[PDB]
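A.B. asks: Quick one: the structure is below, questions incoming.
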Amino acid sequence: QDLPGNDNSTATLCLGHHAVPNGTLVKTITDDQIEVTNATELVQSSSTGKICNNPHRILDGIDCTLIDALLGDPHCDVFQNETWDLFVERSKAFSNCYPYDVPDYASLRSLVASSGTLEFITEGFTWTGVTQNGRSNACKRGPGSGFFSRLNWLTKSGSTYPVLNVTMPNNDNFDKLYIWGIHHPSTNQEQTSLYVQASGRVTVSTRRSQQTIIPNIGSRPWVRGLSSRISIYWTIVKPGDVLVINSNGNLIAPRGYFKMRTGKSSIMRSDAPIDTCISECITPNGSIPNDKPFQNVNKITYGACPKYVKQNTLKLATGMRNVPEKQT
Amino acid sequence: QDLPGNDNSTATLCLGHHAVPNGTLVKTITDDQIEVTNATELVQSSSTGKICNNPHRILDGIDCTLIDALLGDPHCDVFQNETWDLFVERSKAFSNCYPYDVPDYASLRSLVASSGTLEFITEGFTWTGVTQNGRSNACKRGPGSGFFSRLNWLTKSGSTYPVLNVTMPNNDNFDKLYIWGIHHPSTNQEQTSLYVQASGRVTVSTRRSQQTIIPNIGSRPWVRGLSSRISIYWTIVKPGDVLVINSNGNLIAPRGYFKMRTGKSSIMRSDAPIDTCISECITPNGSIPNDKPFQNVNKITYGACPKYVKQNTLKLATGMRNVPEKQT
Amino acid sequence: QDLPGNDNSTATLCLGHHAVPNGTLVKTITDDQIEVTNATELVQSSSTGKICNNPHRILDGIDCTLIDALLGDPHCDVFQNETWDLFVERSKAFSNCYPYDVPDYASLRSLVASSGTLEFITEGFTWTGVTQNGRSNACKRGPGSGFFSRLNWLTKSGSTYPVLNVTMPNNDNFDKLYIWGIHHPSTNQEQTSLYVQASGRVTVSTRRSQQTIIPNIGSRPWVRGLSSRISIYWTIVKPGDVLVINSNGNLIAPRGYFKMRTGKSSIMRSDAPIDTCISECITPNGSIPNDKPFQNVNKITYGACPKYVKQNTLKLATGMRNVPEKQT
Amino acid sequence: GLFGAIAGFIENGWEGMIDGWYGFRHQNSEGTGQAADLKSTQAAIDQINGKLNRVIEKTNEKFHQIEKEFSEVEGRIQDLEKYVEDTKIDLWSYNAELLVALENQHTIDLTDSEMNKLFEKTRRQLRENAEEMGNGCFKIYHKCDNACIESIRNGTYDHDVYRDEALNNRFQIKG
Amino acid sequence: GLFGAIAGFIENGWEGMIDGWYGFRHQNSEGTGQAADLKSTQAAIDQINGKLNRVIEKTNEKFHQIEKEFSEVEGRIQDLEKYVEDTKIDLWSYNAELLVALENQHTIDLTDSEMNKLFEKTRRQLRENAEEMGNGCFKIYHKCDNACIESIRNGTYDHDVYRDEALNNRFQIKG
Amino acid sequence: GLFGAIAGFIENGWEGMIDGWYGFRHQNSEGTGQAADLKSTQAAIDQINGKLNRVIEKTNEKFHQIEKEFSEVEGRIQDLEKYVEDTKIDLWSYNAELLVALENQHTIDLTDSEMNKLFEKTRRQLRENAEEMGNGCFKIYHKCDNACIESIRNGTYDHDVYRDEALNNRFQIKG
Ligand SMILES: *[C@@H]1O[C@H](CO)[C@@H](O[C@@H]2O[C@H](CO)[C@@H](O[C@@H]3O[C@H](CO)[C@@H](O)[C@H](O)[C@@H]3O)[C@H](O)[C@H]2NC(C)=O)[C@H](O)[C@H]1NC(C)=O
Ligand SMILES: *[C@@H]1O[C@H](CO)[C@@H](O[C@@H]2O[C@H](CO)[C@@H](O[C@@H]3O[C@H](CO)[C@@H](O)[C@H](O)[C@@H]3O)[C@H](O)[C@H]2NC(C)=O)[C@H](O)[C@H]1NC(C)=O
Ligand SMILES: *[C@@H]1O[C@H](CO)[C@@H](O[C@@H]2O[C@H](CO)[C@@H](O[C@@H]3O[C@H](CO)[C@@H](O)[C@H](O)[C@@H]3O)[C@H](O)[C@H]2NC(C)=O)[C@H](O)[C@H]1NC(C)=O
Ligand SMILES: *[C@@H]1O[C@H](CO)[C@@H](O)[C@H](O)[C@H]1NC(C)=O
Ligand SMILES: *[C@@H]1O[C@H](CO)[C@@H](O)[C@H](O)[C@H]1NC(C)=O
Ligand SMILES: *[C@@H]1O[C@H](CO)[C@@H](O)[C@H](O)[C@H]1NC(C)=O
Ligand SMILES: *[C@@H]1O[C@H](CO)[C@@H](O)[C@H](O)[C@H]1NC(C)=O
Ligand SMILES: *[C@@H]1O[C@H](CO)[C@@H](O)[C@H](O)[C@H]1NC(C)=O
Ligand SMILES: *[C@@H]1O[C@H](CO)[C@@H](O)[C@H](O)[C@H]1NC(C)=O
Ligand SMILES: *[C@@H]1O[C@H](CO)[C@@H](O)[C@H](O)[C@H]1NC(C)=O
Ligand SMILES: *[C@@H]1O[C@H](CO)[C@@H](O)[C@H](O)[C@H]1NC(C)=O
Ligand SMILES: *[C@@H]1O[C@H](CO)[C@@H](O)[C@H](O)[C@H]1NC(C)=O
Ligand SMILES: *[C@@H]1O[C@H](CO)[C@@H](O)[C@H](O)[C@H]1NC(C)=O
Ligand SMILES: *[C@@H]1O[C@H](CO)[C@@H](O)[C@H](O)[C@H]1NC(C)=O
Ligand SMILES: *[C@@H]1O[C@H](CO)[C@@H](O)[C@H](O)[C@H]1NC(C)=O
């Protein structure tokens, strides 16, 4: 080997691991605060405060709700034929036309909100025997009276309101949405003044369905000078089907159809400012980054967003236990 | 160092762990019965059998359902202006006044049940031209006939039933709940005897909504001497809005409003006895202790309760494997 | 002690594990592709393509939907008194009798679908003063006109339609389902021709409930020669209760009751062929084997089936890591 | 379990050890003895209690919810009310079933670990003076009286004090 | 995995061992050989089957449920029918994805464990007569014929029988 | 954690080791010195990143859903809309809470493991030439200069080169 290898010395070798002065507490199966070297936060808890206008198509409703934009309130005429990925409704929105109510408001708002388009096609309905284009001073269009742009108020001509019986075939290859309504007068006098018959009736049908609504006379609260109301209804007509509108008084007629589509559109109520920035996740509190897996900003989201969780902090340990060597 | 240790012997040191004679079987990722030293049960599977009357305010409905307590069935007059955290409805409850039906019974029972109060404020409605306080022998209050304490049956005065058109503003800063109804007569004769007009109509509205109901004449099954029915409806009037009640016959008028609140109240159907004890978790089978994380007593709960689970036993091992030394 | 005698040598003993040439990649908490010796698939992703007719009682609706089988469309008379564990509805089903609509079609289809029986009991209703068994050329039964087998169209006798007021007690110990309807004429002339009265009315009630429907005159789209429609309704009558049917025109009367039961029956829409084989899990894509825990064939199932999952493959490692001699 | 001490190289437990979960039995010049080890017993107990408290952490409270029992047949909406609850119950039952299986599995490896750690710790302390008999017992190759056994147990044993005595006894012999 | 035997101190597997999952290879003065160890193979296999059976335990059955495909547009109620199902499917998919990830992770550490346990067991048996070459092989410092190799494998090896031969060969040498 | 190296037989970490997570300090002929071990550092880091990426894997996207805030009181249907969401949120919160607890538990045992594996690997390499002082330090019983220390660290140390020197120093002495 060598010869008498005599140098009798020894060495010491010690294995160890790092430690940091600072360190973060994390929960464990057996402890709920144990200190580790480093951790990463898994709950997104803050919004920017602004809805980024990119990549989704945000439509700011300004002072129009989606239903008024649909119906064609004069002050919402800006939105005709408009489209959106997300329609934002503001708390300040107001209606300012003939007082109306929508029996299943919530389903009509939903159903239009995800169709994502207000594209309207005017169709040639021929109303013989009645006076078209009735308008009201509670729905001012410009200096004059007015009405919803997408609805047509029929009243008597001379001394008669005939039985209207019109038809409109769906010959295209897509579904058609028809918004129509019925007028509820305040007095029997108003009823006969406008529609002659003392009891109106509207029946709208397809091969598949039928709605007959009869009006209801009576005073409601004064809203923009009026005690009368119109109630809104909708009928979808499938390709190959046919719409038949039959009435004997009180019909607020459709002017054509909205076209329906299938997509990723929705609606959101938020007063957050829209701003220019790209962000995939939208919350009514403004956009948030979807880099973390969970979020605690709002249970309402649109887009690629983290899963909402009740917790506001969840730290995932990304290091070993911190066992410091003093702590400095 | 030390001197001649004449004797040089050895020792034996053995490490070991405990074991118990008894031991409990538990499930594992790889075994479904493995025996451990000790375990703890995580599923609560037994009720006391009694609803403890503390800490929640339990209201025992005795033989009144919540809707009859609301309407003011004579036999439920005990509950006027009463409040609850949990209203317990008993299987023995019975109605014993004018035969009525509630179109969306389930939502009215829910909506009152979580408001948690039957506080009623009488308002000065002035019904001109009709006879107030109609009562019936199917709703005996004391020796005499009677009606629901919170409703007012209007019939004609002399030879006329006018068109009623009344209004009641919500000037307070809270929502008001109005319960009203409509009478369906059995015969056209009954209709004209009471309301003169051969076709009644009730329209109740606010700036936001309107309901017009028209009665329906016809014989129903004899219930407490009657074939007629009254159907119950409700209208909530928000602060600043206004109620307008307009009718021409068959109106069962409100006497004022119930006030609504927001709280932790609910309703429960149970025949369990209420008893004095404190218990946070209530089940229709009686209170149960929320010391364990899961429970298998009932899927219906109120309060701080364990999560209902299909399993009736889940043992969590609180000790090492039991490896005993004797045989079995 | 032991005496070596002569030899002086050593040995080598090495411990090791197997490895396979092939090997499967699996996901882990820390890796998403790590290679192991063997794995097993936990997601069932393929159907046989056929609904096995065993063990559940499959009823193939052929070209009848369940509601037409119920009502008794002539072409569905094959199904009278039939029963099922699963009723399969085909995309080819068609109706071919009087044009009707069912206000809550979805609940009536559900409610019959899980009752699982079309057992019908004819009851002796006595309609005095009207002409029974009205039938139509849009519902051909054989060479002649016809109507739904389970419904009875009453029209006037001579010059009058009386007020019908009939009653049928539930004296048995089970719930009775009554399907009845109302006729909506196209013209006021049709109304008076058939029912004399210019406004019909149907009220069907029990001690617990009441429905009054009034007809609606107007033209709907031509379907099988007709613009009129009948709308279908249902009333369940509990043991001890009583049905009272009261009408003054337009009643399409029940002929008796369907009996209701409680079971594991349901309905499924599928064009899959039924075949002979035993399979517990049915999917509208055909039966699938429930040997794996999760499936990705269809979210619609009936029977003992794997849990539907979005993933189409999830491999569970059933062996150690594969560390081969050469490569993979 | 994963370490192979409990129900592994240590053949079985001692039903007689009533004073701790892990411990020592010796035989030395002065006689035989048993003694629980309190540090590893406390280590095992604390982890199991930690685990236990986390599982019993806050029953959340719920007040007005949806109806879960119905007396009439209604169809579409009641079908949904029943389906929401039945899928909620299966999800919570899956959770309970998986939670105790993982937990129990871990409790058995955790306690197996503490046994093996106490074994290793004693090994390291005895240094060159003992040999592992492979059944959880060390053969101490030097005279070790009751106070010597006590110093191994309470962790103050100095191997140097007995190293030459031990090394002689252990190796030299006749080969 | 956690123990560092498989894909750790044991460099790689033997594609040639077809008779068991874990085993022995040796070279002595009489030849070379291989042999599977059946006890650790069965231990690994049984745990993996136990795990497997728990996962395939009872598909629950469901009969009438809610509709999951719709042909008309209805609004509020159909939106809820769709949302109940979509949140049910994401919750069960999360569960499936987490379940196989935990399971697989554990199956790799469990098999790593059995390898290391068989190594330790053999170490303990050879006592002072062998040294670990650090690659999963022991150097046996005494003549060990095929029956000697068989006794280590079947667990009857007596170290005392060869202790002085071994200790001489192992230490003495010339330092 | 399960292996008892970190916060176990290794008393505490080195706040001074800034170049790696695991490493060596030595005191020898030329003085004292420290050095991170990069292979075990990378092994720990890679597993923690793997785990990390799996957790951040795809936020799923959702578009039209159900309403979750209401301004009027409606009763039965709104009660259900609220109940579906509240039970969805509690289920996802349970999932988040359990996921980080299992994950963190495992990250602590995984890093404990790598420490112990590096210790064992160094043990195996030093063979008969060192003894474990039982606190994570080996006493090397032969002259080992800085290149000798670097060969242990970079894994090329040949025990045979120093075996007789070591065995002499270690055993012989005077007992
Ligand atoms: C039925 O009863 C209601 C409630 O009493 C009557 O409503 C009230 O009708 C008056 C007269 O048209 C309304 O007056 C107008 O109010 C506005 C704002 O104050 C003011 O600018 C006008 O000069 C006028 O005062 C009043 O607002 C309205 N109130 C409500 C709550 O609607 C209704 O007229 C009655 N109808 C019949 C036919 O008897
Ligand atoms: C319409 O048809 C129904 C059913 O046939 C008739 O109902 C029945 O009317 C009679 C006479 O009022 C009721 O008699 C009562 O019986 C009770 C005992 O149950 C008794 O205490 C009363 O003194 C009286 O005798 C009978 O109960 C009732 N049955 C049902 C099921 O309601 C109804 O009278 C008919 N109406 C007309 C206007 O034709
Ligand atoms: C109310 O308006 C509707 C729509 O214009 C009218 O419906 C149409 O009525 C005609 C005459 O009955 C139907 O014609 C028949 O069609 C069948 C199939 O082509 C054919 O066999 C007959 O020879 C005849 O042509 C037509 O199909 C029908 N169209 C629709 C969409 O229903 C209805 O007649 C009007 N009613 C009144 C009272 O004015
Ligand atoms: C802590 O962990 C996160 C995620 O692994 C990483 O980005 C960060 O740099 C780490 N901190 C340090 C000081 O390494
Ligand atoms: C809306 O779009 C349709 C389809 O191109 C078009 O015919 C119509 O005139 C448009 N109207 C407005 C106001 O843009
Ligand atoms: C988000 O918005 C809701 C409602 O507007 C509010 O209660 C919540 O605290 C907000 N959270 C954050 C992080 O902005
Ligand atoms: C079994 O475990 C439970 C919970 O840790 C504890 O209360 C009980 O005292 C234990 N049993 C024994 C005998 O220690
Ligand atoms: C109910 O409470 C209101 C408010 O204090 C009160 O005015 C009313 O008289 C009370 N009535 C009864 C019967 O207690
Ligand atoms: C609780 O009550 C339900 C219904 O009353 C019953 O089926 C169940 O078995 C009861 N369970 C217990 C533990 O009382
Ligand atoms: C793979 O695992 C499955 C389930 O344990 C088993 O049926 C199959 O035979 C295994 N493959 C081999 C080659 O052992
Ligand atoms: C249906 O079953 C009932 C009950 O046995 C029977 O009376 C009736 O005649 C049956 N009708 C047919 C068409 O099978
Ligand atoms: C099952 O059927 C659905 C709808 O019919 C289809 O989209 C799906 O891809 C099919 N899957 C299989 C495995 O057949
Ligand atoms: C350990 O044991 C020995 C003998 O009993 C005793 O002298 C010594 O002080 C003990 N040390 C401790 C810390 O108990
Ligand atoms: C172990 O191996 C030896 C040599 O083959 C044999 O004599 C002995 O009986 C074996 N023991 C067992 C239990 O197989
Ligand atoms: C290991 O260290 C020694 C001394 O520095 C050196 O000669 C040898 O080449 C090193 N080997 C490697 C692979 O770094």
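A.B. asks: Considering B:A39, B:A93, B:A11, B:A69, which residue is of a type outside the set (S, T, Y), more than 16 Å from ligand 3 (Cβ to nearest atom) and away from chain D (no Cβ under 14 Å)?
C.D. replies: So the residue among B:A39, B:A93, B:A11, B:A69 that is of a type outside the set (S, T, Y), more than 16 Å from ligand 3 (Cβ to nearest atom) and away from chain D (no Cβ under 14 Å) is B:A69.
A.B. asks: May I ask you to verify whether B:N137 is in contact (Cβ under 8 Å) with a residue 24 or more places away in the chain, farther than 30 Å from B:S265 by Cα, more than 16 Å from ligand 9 (Cβ to nearest atom) and more than 14 Å from chain F (Cβ to nearest Cβ)?
C.D. replies: Yes.
A.B. asks: Something else about it: Which one is nearest to the other protein chains (Cβ to nearest Cβ), of the residues in the range C:237-269 that are outside any strand (DSSP E or B) and surrounded by 22 or more Cβ atoms within 10 Å (Cβ to Cβ)?
C.D. replies: Within the range C:237-269, the match that is nearest to the other protein chains (Cβ to nearest Cβ) is C:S265.
A.B. asks: Restricted to the range E:116-159, and to residues that are out of contact with any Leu (no Cβ under 9 Å at 6 or more places or on another chain) and of a type in the set (A, V, I, L, M), which residue is farthest from the other protein chains (Cβ to nearest Cβ)?
C.D. replies: Out of the qualifying residues, it is E:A147.
A.B. asks: Moving on to the next point. If I ask for residues that are surrounded by fewer than 21 Cβ atoms within 10 Å (Cβ to Cβ), closer than 21 Å to C:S247 by Cα and touching a residue at least 40 places away in the same chain (Cβ under 8 Å), which ones from the range B:176-200 would you list?
C.D. replies: Passing the criteria: B:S186, B:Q197, B:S199.
A.B. asks: Please verify whether the range D:56-78 includes one or more residues that are more than 30 Å from C:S266 (Cα to Cα) and within 26 Å of the chain's Cα centre (by Cα).
C.D. replies: Taking every residue of the range D:56-78 in turn, at least one turns out to be more than 30 Å from C:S266 (Cα to Cα) and within 26 Å of the chain's Cα centre (by Cα).
A.B. asks: A:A304 passes all but one of (1) without any contact (Cβ under 8 Å) to a residue 40 or more places away in the chain; (2) surrounded by 19 or more Cβ atoms within 10 Å (Cβ to Cβ); which number fails?
C.D. replies: (2)
A.B. asks: Right, here's the next one. With of a type in the set (S, T, N, Q) and within 30 Å of F:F63 (Cα to Cα) as the only criterion, which of E:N104, E:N146, E:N95, E:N168 stands out?
C.D. replies: Matching residue, one of E:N104, E:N146, E:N95, E:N168: E:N95.
A.B. asks: Let me ask something additional. Restricting to the range B:62-96, give me the number of residues that are crowded, with 22+ Cβ neighbours inside 10 Å, under 14 Å from the mean Cα position of the chain (by Cα) and not aromatic (F, W, Y).
C.D. replies: Here the count works out to 8.
A.B. asks: Additional query: Could you go through the range D:70-82 and let me know if any residue there is among the basic types (K, R) and away from chain C (no Cβ under 14 Å).
C.D. replies: Looking through the range D:70-82, none of the residues is among the basic types (K, R) and away from chain C (no Cβ under 14 Å).
A.B. asks: Please find, within the range D:35-60, the residue that is nearest to ligand 9 (Cβ to nearest atom) out of those that are in contact (Cβ under 8 Å) with a residue 12 or more places away in the chain, more than 13 Å from chain A (Cβ to nearest Cβ) and buried (at least 17 other Cβ atoms within 10 Å of the Cβ).
C.D. replies: D:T41
A.B. asks: Of E:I108, E:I77, which residue is away from ligand 5 (no atom under 16 Å from the Cβ) and touching a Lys or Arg at 6+ places or on another chain (Cβ under 6 Å)?
C.D. replies: E:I108
A.B. asks: Of all residues being in a loop (DSSP other than H, G, I, E, B), at the interface with chain E (Cβ under 7 Å from one of its Cβ atoms) and out of contact with any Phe, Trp or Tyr (no Cβ under 7 Å at 6 or more places or on another chain) in the range C:302-318, which is nearest to E:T59 (Cα to Cα)? Just the residue, please.
C.D. replies: C:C305
A.B. asks: Out of all the residues in the range E:143-175, which are within 20 Å of F:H159 (Cβ to Cβ), crowded, with 16+ Cβ neighbours inside 10 Å and not aliphatic (A, V, I, L, M)?
C.D. replies: E:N168, E:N169, E:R170, E:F171, E:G175
A.B. asks: Kindly indicate the residue of the range A:14-36 that is charged (D, E, K, R) and within 7 Å of another protein chain (Cβ to nearest Cβ) and also nearest to F:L102 (Cα to Cα) among those meeting that condition.
C.D. replies: By that ranking, first place goes to A:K27.
A.B. asks: Scan the range A:130-185 residue by residue and report those that are among the β-branched types (V, I, T) and more than 30 Å from A:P221 (Cβ to Cβ).
C.D. replies: Listed by number, the residues that qualify are A:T160, A:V163, A:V166, A:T167.
A.B. asks: Quick check: is even one residue across the range C:117-128 closer than 22 Å to C:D68 by Cβ, hydroxyl-bearing (S, T, Y) and in contact (Cβ under 8 Å) with a residue 12 or more places away in the chain?
C.D. replies: So far as the range C:117-128 goes, yes, one or more of its residues are closer than 22 Å to C:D68 by Cβ, hydroxyl-bearing (S, T, Y) and in contact (Cβ under 8 Å) with a residue 12 or more places away in the chain.
A.B. asks: From the set of residues in the range E:1-34 that are outside any loop (DSSP other than H, G, I, E, B) and of a type in the set (G, A, S), which is nearest to the other protein chains (Cβ to nearest Cβ)?
C.D. replies: Checked the range E:1-34; the qualifying residue nearest to the other protein chains (Cβ to nearest Cβ) is E:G23.
A.B. asks: Take the residues in the range A:130-175 that are more than 30 Å from A:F79 (Cα to Cα) and touching a helix residue (DSSP H, G or I) at 6+ places or on another chain (Cβ under 7 Å), then tell me which one is surrounded by the fewest Cβ atoms within 10 Å (Cβ to Cβ).
C.D. replies: Among those residues, the one meeting the criterion is A:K156.
A.B. asks: In this structure, is A:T192 β-branched (V, I, T), away from ligand 12 (no atom under 16 Å from the Cβ) and away from every other protein chain (no Cβ under 13 Å)?
C.D. replies: Considered against the rule, which asks whether it is β-branched (V, I, T), away from ligand 12 (no atom under 16 Å from the Cβ) and away from every other protein chain (no Cβ under 13 Å), A:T192 comes out as yes.
A.B. asks: Now, a different point. Working only within the range D:35-90, note down all residues that are over 26 Å from F:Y83 (Cβ atoms), assigned to a strand (DSSP E or B) and in contact with a helix residue (DSSP H, G or I) (Cβ under 9 Å, 6 or more places away or on another chain).
C.D. replies: Residues satisfying the conditions are D:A35, D:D37.
A.B. asks: Name the residues in the range D:112-142 that are part of a loop (DSSP other than H, G, I, E, B) and crowded, with 19+ Cβ neighbours inside 10 Å, would you?
C.D. replies: D:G136, D:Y141, D:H142
A.B. asks: Looking at A:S219, A:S209, which is the one that is within 12 Å of chain B (Cβ to nearest Cβ) and either more than 16 Å from ligand 15 (Cβ to nearest atom) or buried (at least 20 other Cβ atoms within 10 Å of the Cβ) (or both)?
C.D. replies: It is A:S219.
A short reminder: the numbers here are calculations on the coordinates, not readings from a lab. With ideal geometry, Cβ positions are generated from the backbone for all residues, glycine too; neighbour counts draw on all protein chains shown.
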